[PDB]
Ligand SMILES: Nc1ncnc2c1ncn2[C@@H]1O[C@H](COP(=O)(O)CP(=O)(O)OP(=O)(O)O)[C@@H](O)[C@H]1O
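Only one chain is included here, represented as structure tokens and corresponding to the form solved without the named molecule.
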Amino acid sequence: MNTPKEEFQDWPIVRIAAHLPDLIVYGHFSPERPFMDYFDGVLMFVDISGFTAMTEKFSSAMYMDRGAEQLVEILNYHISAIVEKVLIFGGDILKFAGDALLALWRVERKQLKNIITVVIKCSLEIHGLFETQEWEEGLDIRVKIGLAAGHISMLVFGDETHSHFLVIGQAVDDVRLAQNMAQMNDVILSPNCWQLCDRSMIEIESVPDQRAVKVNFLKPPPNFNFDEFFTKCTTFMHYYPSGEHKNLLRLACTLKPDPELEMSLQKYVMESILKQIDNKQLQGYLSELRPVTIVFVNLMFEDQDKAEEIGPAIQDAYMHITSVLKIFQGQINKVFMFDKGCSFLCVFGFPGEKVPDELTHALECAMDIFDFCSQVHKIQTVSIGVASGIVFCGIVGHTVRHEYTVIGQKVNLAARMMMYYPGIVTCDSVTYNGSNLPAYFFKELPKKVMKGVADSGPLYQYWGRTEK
């Protein structure tokens, strides 16, 4: 008999899995919310600020109405190369933001030392991608990399239809801190990373007023062979593609239909993405430069790392946020940790979710969220930034690992406003002026210099309907 080859690998469940890390795809955990788990690992945070900064050049009339299509194509071209590097070095891409990719190498404690060496090598090879690269002279199409290692907690929260996950704890905080010390082309190790690493492998230098260190060189011992060392490390990599599947970038490409598994995984993925996955919408429909309102919610806790207290608090906040967003077809685009705080990137006006009065509604939603979350047990401070304007939306990353992402100056502005004006609801000038709401519902705020924003415009606090 003939033996025709090729397994079919283009099933909905495989397409859904592209949008999720192995941490979730192979997680098999309780559908109970919140769910927390604890493990150890090495984290890599790749700052792709330099790439995502391209949204405003692709806004030019020079792109003739194909700015979004050109932006997604060039971003995915460069980001795909980073993703392939991470995946081939055995890492799990946890999440994309419109500023960073976070990857994880989960291993037992005994293996942290050797896995840091693998992760450092990967980091140097990522820098290597961009060594002789730029567009229109453009100073830096380069990245900055922070590495951390140690204890990691995972939180999964959500309701019967949607799930979100976050990683939290000191290593997560550390990787953020390490990456923001980095200059372009740097690899910064967290203090704990540097304490756990194989010091014979590397030459480092001090970072002033910091215990974190910069990798100058990976200079292995004389008889060292990276390929034989990496092979030994794969013993500890549960899902590293191997044998008949050594030609695949992800074991997840081999997932077969499994309705119980697909029911679980689809909860993490936006319905408009599932529509495309199901071939019920054109594959190009979600790449767009779209006017939206960003509502960026930051929740601060007394404790940053103890998942046991913050997990219920985030779950409670989530149940409220999702009810409020439902009314106006808002979506949670991303949730992540930023310096102790849990941040929800909410978007009003995603594709096929157009509202007329997006602005009064976004403000009213923000205040509702603010008021409810302020009364949630263990939430110390709620801060919300509301900014409106044109943002790029699109599925960003590699064919085998990508996520829908929103990128733009207005996203960065809402993010900065919630950090620089903590404990209040703030909005930009577009939102304030567009709402037509009486001027006394607002307070005009002092101008603050915010890292990464060049002239925010007048900013306002949404004070609300009453003096009280």
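Shifts are known only where both forms have a C-alpha. Don't overthink the numbering: it's just position in the shown sequence, from 1. If you superpose the two forms and keep the largest set of C-alpha atoms that fall within 1.5 Å, you have the rigid core.
This next part talks about the form solved in complex with the named molecule, which is not shown.
Counting atoms of the named molecule, placed from its pose in the bound PDB entry by superposing the C-alphas round the site, that lie within 2.4 Å of this form's backbone or C-beta atoms gives 3 or more, so the site is blocked.
Comparing 32 to 40, 437 to 445, 407 to 415, 422 to 430 against the named molecule in the bound PDB entry, the single stretch with non-hydrogen atoms within 4.5 angstroms of it is 407 to 415.
Highlighted residues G50, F338 and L345: every one comes within 4.5 Å of the named molecule in the bound PDB entry, counting any heavy atom. This chain is displayed alone, yet in the bound PDB entry one of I116, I314, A97, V83 has a heavy atom within 4.5 Å of the named molecule; that residue is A97.
None of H361, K267, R176, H127 but one reaches within 4.5 angstroms of the named molecule in the bound PDB entry through a heavy atom, and that residue is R176. Shown alone here, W105 lies farther than 4.5 Å from the named molecule in the bound PDB entry, counting heavy atoms only.
Contact annotation: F296 falls within 4.5 Å of the named molecule in the bound PDB entry, judged by heavy atom distances. In the bound PDB entry, the named molecule lies beyond 4.5 angstroms of every heavy atom of every residue of 101 to 124. Just a single entry of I424, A53, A68, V400 exceeds or equals a 2 Å CA shift between this form and the one not shown, which is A53 (rigid core superposed). Look at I390 and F51: in the bound PDB entry their Cα atoms come 3 Å or more closer than in this form.
Between this form and the other one, the CA-CA gap for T52 and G457 narrows by 3 Å or more, being smaller in the bound PDB entry. Shifted segments between this form and the one not shown, defined as at least 3 consecutive common residues whose CA atoms all move 2 Å or more after rigid-core fitting, lie at 6 to 9, 49 to 53.
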